[PDB]
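*Asks:* Got a structure for you, questions after.
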Amino acid sequence: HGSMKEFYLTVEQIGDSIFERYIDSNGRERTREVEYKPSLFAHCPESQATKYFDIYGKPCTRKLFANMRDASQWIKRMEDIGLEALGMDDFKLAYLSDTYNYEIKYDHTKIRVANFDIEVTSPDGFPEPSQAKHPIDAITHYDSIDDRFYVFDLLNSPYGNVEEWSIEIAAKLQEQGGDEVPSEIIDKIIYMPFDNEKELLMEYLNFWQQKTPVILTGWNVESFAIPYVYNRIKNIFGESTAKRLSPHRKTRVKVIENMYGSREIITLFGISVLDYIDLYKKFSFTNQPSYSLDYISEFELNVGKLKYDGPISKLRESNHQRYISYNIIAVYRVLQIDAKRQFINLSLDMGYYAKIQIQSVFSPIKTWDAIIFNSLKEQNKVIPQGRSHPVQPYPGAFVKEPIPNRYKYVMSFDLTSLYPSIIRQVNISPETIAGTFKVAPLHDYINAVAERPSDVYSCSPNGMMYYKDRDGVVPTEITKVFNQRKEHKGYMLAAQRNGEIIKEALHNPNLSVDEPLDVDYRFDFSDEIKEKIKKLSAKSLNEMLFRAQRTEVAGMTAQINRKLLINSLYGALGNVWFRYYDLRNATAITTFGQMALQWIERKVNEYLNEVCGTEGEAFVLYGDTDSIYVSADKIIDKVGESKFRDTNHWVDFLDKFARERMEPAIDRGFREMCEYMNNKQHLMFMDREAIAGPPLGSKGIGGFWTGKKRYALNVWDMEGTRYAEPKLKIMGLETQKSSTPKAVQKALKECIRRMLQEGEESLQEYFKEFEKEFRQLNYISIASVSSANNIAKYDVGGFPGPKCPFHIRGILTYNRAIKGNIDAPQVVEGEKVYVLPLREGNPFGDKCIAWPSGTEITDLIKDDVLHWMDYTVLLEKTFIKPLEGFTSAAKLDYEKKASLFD
DNA sequence: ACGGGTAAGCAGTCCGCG
DNA sequence: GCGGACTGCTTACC
Ligand SMILES: Nc1ccn([C@H]2C[C@H](O)[C@@H](COP(=O)(O)OP(=O)(O)OP(=O)(O)O)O2)c(=O)n1
Ligand SMILES: [Ca+2]
Ligand SMILES: [Ca+2]
Ligand SMILES: [Ca+2]
Numbered sequence: 001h002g003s004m005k006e007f008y009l010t011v012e013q014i015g016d017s018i019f020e021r022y023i024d025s026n027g028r029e030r031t032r033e034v035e036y037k038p039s040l041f042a043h044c045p046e047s048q049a050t051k052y053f054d055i056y057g058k059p060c061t062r063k064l065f066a067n068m069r070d071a072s073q074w075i076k077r078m079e080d081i082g083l084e085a086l087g088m089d090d091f092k093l094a095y096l097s098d099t100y101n102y103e104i105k106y107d108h109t110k111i112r113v114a115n116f117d118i119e120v121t122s123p124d125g126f127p128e129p130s131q132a133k134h135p136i137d138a139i140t141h142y143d144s145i146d147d148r149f150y151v152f153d154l155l156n157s158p159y160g161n162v163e164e165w166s167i168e169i170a171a172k173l174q175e176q177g178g179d180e181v182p183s184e185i186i187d188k189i190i191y192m193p194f195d196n197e198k199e200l201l202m203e204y205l206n207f208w209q210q211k212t213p214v215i216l217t218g219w220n221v222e223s224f225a226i227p228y229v230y231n232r233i234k235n236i237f238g239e240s241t242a243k244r245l246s247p248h249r250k251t252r253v254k255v256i257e258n259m260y261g262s263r264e265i266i267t268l269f270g271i272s273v274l275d276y277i278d279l280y281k282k283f284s285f286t287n288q289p290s291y292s293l294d295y296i297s298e299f300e301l302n303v304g305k306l307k308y309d310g311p312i313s314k315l316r317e318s319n320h321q322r323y324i325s326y327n328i329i330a331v332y333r334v335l336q337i338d339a340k341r342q343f344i345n346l347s348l349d350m351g352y353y354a355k356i357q358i359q360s361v362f363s364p365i366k367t368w369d370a371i372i373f374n375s376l377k378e379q380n381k382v383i384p385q386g387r388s389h390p391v392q393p394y395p396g397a398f399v400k401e402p403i404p405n406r407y408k409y410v411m412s413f414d415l416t417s418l419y420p421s422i423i424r425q426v427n428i429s430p431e432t433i434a435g436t437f438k439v440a441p442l443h444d445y446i447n448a449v450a451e452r453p454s455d456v457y458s459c460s461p462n463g464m465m466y467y468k469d470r471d472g473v474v475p476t477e478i479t480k481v482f483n484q485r486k487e488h489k490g491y492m493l494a495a496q497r498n499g500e501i502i503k504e505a506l507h508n509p510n511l512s513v514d515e516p517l518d519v520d521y522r523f524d525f526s527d528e529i530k531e532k533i534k535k536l537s538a539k540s541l542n543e544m545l546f547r548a549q550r551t552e553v554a555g556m557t558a559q560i561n562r563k564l565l566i567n568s569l570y571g572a573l574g575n576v577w578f579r580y581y582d583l584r585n586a587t588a589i590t591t592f593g594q595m596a597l598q599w600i601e602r603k604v605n606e607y608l609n610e611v612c613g614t615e616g617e618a619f620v621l622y623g624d625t626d627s628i629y630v631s632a633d634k635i636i637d638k639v640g641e642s643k644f645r646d647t648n649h650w651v652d653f654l655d656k657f658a659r660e661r662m663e664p665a666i667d668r669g670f671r672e673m674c675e676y677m678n679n680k681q682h683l684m685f686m687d688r689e690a691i692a693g694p695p696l697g698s699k700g701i702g703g704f705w706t707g708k709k710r711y712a713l714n715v716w717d718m719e720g721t722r723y724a725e726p727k728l729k730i731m732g733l734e735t736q737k738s739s740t741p742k743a744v745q746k747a748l749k750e751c752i753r754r755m756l757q758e759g760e761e762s763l764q765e766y767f768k769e770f771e772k773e774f775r776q777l778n779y780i781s782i783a784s785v786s787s788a789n790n791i792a793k794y795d796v797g798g799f800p801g802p803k804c805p806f807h808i809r810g811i812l813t814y815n816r817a818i819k820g821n822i823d824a825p826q827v828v829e830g831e832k833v834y835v836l837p838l839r840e841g842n843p844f845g846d847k848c849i850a851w852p853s854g855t856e857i858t859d860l861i862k863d864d865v866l867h868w869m870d871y872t873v874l875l876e877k878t879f880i881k882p883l884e885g886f887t888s889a890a891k892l893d894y895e896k897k898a899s900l901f902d
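First residue of the first sequence? That's 1 in the authors' numbering, and the numbers climb one at a time after it.
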């Protein structure tokens, strides 16, 4: 037996015992109960010397505890006295650290990941899990070990009796009277019909004991499915039987009970719930107009809506065959989405790295508390007691005020992982604080005028001095996560570059039948592959393109989420629930960044005045925290439309000017700033990102800024990737906002593409056609979106109260128009909503209306709102005002002037 | 309780203004 | 009868 080391699955604390589920050395799943004996520490005199020193070198003495409750009355007793009680007071983590004293290398094929969704017919409307009034009438449950979809289908219920489900009919196309259940899963569905609900649940509980999930997921499974099936079994069989959903027989019900409802969260000891919706909100870097599975599915996977007739509420009685097919597809849908985004994998990686419960990957603070503590166990150090602190504003990034205008030629540069780098460069840590110095005003450091803070320590322009010689835990531990990011980024950019090869190739689609190639898209297509691609068919290239984008999304996920974590350690230092919170360090970081950016603004202005020849002229037109945006018009003039054959030539050129002259200069400038602050290590690595301009010989303006955080740019090269066709990089404007209607986002963007690529005549032409045709766009397409908070607070007898938002006012008028009948869907406090304006003297008695997003409005009122919609207002408010924004800034009109020729 | 600050633009109210 | 300054709210950007 020359083989693998054990690895935990879950862990819990009940009283004076730890409940752990793990995978042993022969790969079998197990449970133990352990009366863990923890150790906390206390200071002692300089003399009682030993192993343990706090992070400041103050000696400490370790204390046996008999059990965990015994060590907790000690932490309370030490506060009753008023001395610091050191050590890790979350014992699940100490236990994990004690048991798994090594880099955990873990096998996912051995971890049970279950994915489920239920269906619960209600003619009452939305079925609150806290009550669970209504029968659970279908469950689908996918198990990653077995690799099967277990279907529990209830044929008999007070809401209707139905025929068994046919897997043959599910397989067939929609077009053949079937449900289009993906055939790569037909062979994996185990189907189980049932007499009656009781019999189905009892069988589901027995199924769960045999195949108890470790990671439990699915869509919206924390706030609906789990608590509904808990409360349901609890109402029908009793708590005892309900507690079966826990492998340890412990649940918690914490009440948190709306402004008037009964929403509880239910925790199942010994299971790690990773609600995919929470994973998606945290790790996907999107902001969506709706978070229904239909919606997100169609966004991530480009699959269809998933249609049907009648309202979902009467669906099981009318087409039970589809009701079940749809439940199965929903579960698979989440799998399809996880196969793209890979957030489960992320979570496992991250979680086993820190040695935490996996559901603690939602908490950067947990995540770092544990990494840091593991890193300090190692050197026999003892961690601080966490302290109460009052909350406190403090300053962040600098942002240059730009002159609103157009900018023909732009070229950007940005610093690598800024704040993480600053920590590394400066050696910022709880335990590396040397002292302070007398701080001169910020600009004196920017202008390289103020006295050198210190000769011996590493400094930040907020007055902090750090030990330059030793190693900080934080810097150390952030360097390890940064190095993993570097690598996954590499794969992702490669993947992106490889995709542009493929897109170029798609104007030579070679009339032929082939299969796609066999390459590893994380690495730069070696020349022989590149030559092979030039001969392939569309069918084939297209399959490679799609495979590349899945490889790149994979890498994006891994990369941007380590960026998230490290930037989140920075954040934690400004958050009072973090054991190492310190505004001294938070501000050392932001203030140094303020300086860094401004310092290099001054520099880049200097160098480009020297070499361009001119003097005291603005070359940096904008910048945000780590960014600079340099006007390259004068670098181009220096040649002209002389020997530039095509759009690519000057792009080749600039790429070359930046890489061969500017980044050398920039490195010189920052090396000098590091000498000034006497930092530990030079890590201000500013390289080039974007390269933007009109196509050659165009009327296109290349770029514009309206104000801070609001610009567009027509970009030909980004971080080394040369685009096949130019890509708009729009930051801040209305095209990028989830609040603005899809159709206008589309339109506003095509307008921008025209301003930037095909001057003023192109815009005005297209604008004319948007104005005429705008009125027959589908209403869902031209509605606004808003989050819906504090509805209750602005109610006041069915009507708008003092200071009531337009969108909240919208819901109130919905609530008035569906008043009475429970048939129609309710707007949920906190969710999102569509929003249309209404004309003068409409039947709804108000100037707009709102319904919950991702849906068609109720049929009840649909035909009325469609005919009372105010397109006039729609277009002025959401298209025109924004457009005037963009064109004012860039010195342009969208409508032909009063010619004076006339 | 459970990463951070910065900043834009929309709408509502309350006030000055022949 | 309406514009601007202030404020609450939403959603972007690092
Ligand atoms: N959610 C975020 C995003 C950014 N930032 C801060 C920390 C970043 O270091 C700094 C610069 O932002 P960037 O968006 O340019 O990201 P980075 O510089 O960290 O990494 P990179 O540009 O290599 O992707 O802004 C942050 O604190 N939190
Ligand atoms: Ca950066
Ligand atoms: Ca940046
Ligand atoms: Ca970069």
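Note that CB positions come from ideal geometry on N, CA and C, so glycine has one too.
Tell me, which residues are paired with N714 by DSSP?
*Replies:* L728
*Asks:* Can at least three beta-carbon pairs, one atom from the segment 498-509 and one from the segment 477-486, be found at a separation below 8 Å?
*Replies:* no
*Asks:* Specify whether the segment 396-413 and the segment 135-143 touch according to this definition: at least 3 beta carbon pairs, one from each stretch, less than 8 Å apart.
*Replies:* no
*Asks:* Do the segment 556-570 and the segment 481-488 touch if we need at least three Cβ pairs shorter than 8 Å?
*Replies:* yes
*Asks:* Starting from the N-terminal end, write out each residue whose C-beta falls within a distance shorter than 7 Å of any non-hydrogen atom of ligand 6.
*Replies:* Ligand 6 is not among the ligands present in this structure, which contains only ligand 1, ligand 2, ligand 3 and ligand 4.
*Asks:* Less than 9 Å separating the beta-carbons of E84 and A49?
*Replies:* no
*Asks:* First and last residue of the beta strand (DSSP E) that includes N115?
*Replies:* From DSSP, the beta strand (DSSP E) with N115 extends over 113-119.
*Asks:* Can you look up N26 in the DSSP assignment and give me helix, strand or coil?
*Replies:* coil
*Asks:* With respect to 8 Å, is the separation between the Cβ of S627 and the closest non-hydrogen atom of ligand 2 below this value?
*Replies:* yes
*Asks:* Within the continuous beta strand (DSSP E) that includes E12, where are the two ends?
*Replies:* Membership of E12 in the beta strand (DSSP E) is indicated by the continuous run 7-14.
*Asks:* Whose C-alpha, out of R602, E675, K355, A586, is nearest the C-alpha of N462?
*Replies:* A586
*Asks:* Cα separation between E180 and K305?
*Replies:* Straight-line spacing of the CA atoms in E180 and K305 works out to 12 Å.
*Asks:* For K896, which of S787, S762, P402 has the nearest alpha-carbon?
*Replies:* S762
*Asks:* Report the rounded CA-to-CA distance for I365 versus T878, giving the unit in angstroms.
*Replies:* 40 Å
*Asks:* In whole angstroms, what separates the C-alpha of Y159 from that of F237?
*Replies:* 21 Å
*Asks:* When you compare the CB positions of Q496 and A448, do they come within less than 9 Å of one another, or not?
*Replies:* no
*Asks:* Given a cut-off of 9 Å, decide if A788 and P852 are closer than it, judged by their beta-carbon atoms.
*Replies:* yes
*Asks:* For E689, which of helix, strand or coil comes out of DSSP?
*Replies:* strand
*Asks:* Three Cβ pairs or more, each shorter than 8 Å: is that satisfied between the segment 65-80 and the segment 13-23?
*Replies:* yes
*Asks:* Give me, in chain order, the residues of the same chain whose beta-carbon lies closer than 8 Å to that of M465; leave out the 5 immediate sequence neighbours on both sides.
*Replies:* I433, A434, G435, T436, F437, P453, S454, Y457, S458, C459
*Asks:* For the beta strand (DSSP E) containing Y607, list its first residue and its last residue.
*Replies:* Unbroken run through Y607 is the alpha helix (DSSP H), 583-612; no beta strand (DSSP E).
*Asks:* What residue does the alpha helix (DSSP H) around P837 start on, and which one ends it?
*Replies:* It is not in any alpha helix (DSSP H) - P837 instead sits in the beta strand (DSSP E) that spans 832-837.
*Asks:* Compare the Cα-Cα distances from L40 to each of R32, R30, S72 and report the closest residue.
*Replies:* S72
*Asks:* Ignoring anything shorter than 4 residues, give me the alpha helix (DSSP H) runs that lie fully in the segment 722-781, in order along the chain.
*Replies:* 742-757, 759-773
*Asks:* When you measure from the CB of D624 to every non-hydrogen atom of ligand 3, does any distance come out below 8 Å?
*Replies:* yes
*Asks:* What residues in its chain sit with their C-beta under 6 Å from that of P420, if we drop five residues either side in the sequence?
*Replies:* In chain order, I478, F482, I566 place their CB closer than 6 Å to the CB of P420, counting only its own chain and leaving out the 5 sequence neighbours on each side.
*Asks:* Go through its chain and collect everything with a Cβ distance to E317's Cβ below 6 Å, but skip five positions before and after it.
*Replies:* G160
*Asks:* Which of the three DSSP states, helix, strand or coil, is assigned to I356?
*Replies:* coil
*Asks:* Counting pairs of beta carbons, one from the segment 750-761 and one from the segment 819-829, are three or more of them closer than 8 Å?
*Replies:* no
*Asks:* Considering only the beta carbon of each residue, do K708 and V273 sit closer than 9 Å?
*Replies:* no
*Asks:* Report the residue ranges of all alpha helix (DSSP H) runs contained in full by the segment 26-93; include only those spanning at least 4 residues, in chain order.
*Replies:* 68-81
*Asks:* At the level of alpha carbons, what is the spacing between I808 and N327?
*Replies:* The alpha-carbon atoms of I808 and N327 are separated by roughly 33 Å.
*Asks:* How many whole angstroms separate the CB atoms of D414 and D626, which I take to be in contact at a CB cut-off of 8 Å?
*Replies:* That belief holds up - the Cβ atoms of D414 and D626 are roughly 5 Å apart, short of 8 Å.
*Asks:* Could you give the DSSP three-state label for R470: helix, strand or coil?
*Replies:* Three-state DSSP puts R470 in coil, outside helix and strand.
*Asks:* When DSSP builds the beta bridges, which residues end up paired with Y106?
*Replies:* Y106 is not bridged to any residue.
*Asks:* In this structure, how does DSSP classify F619 when only helix, strand and coil are distinguished?
*Replies:* coil
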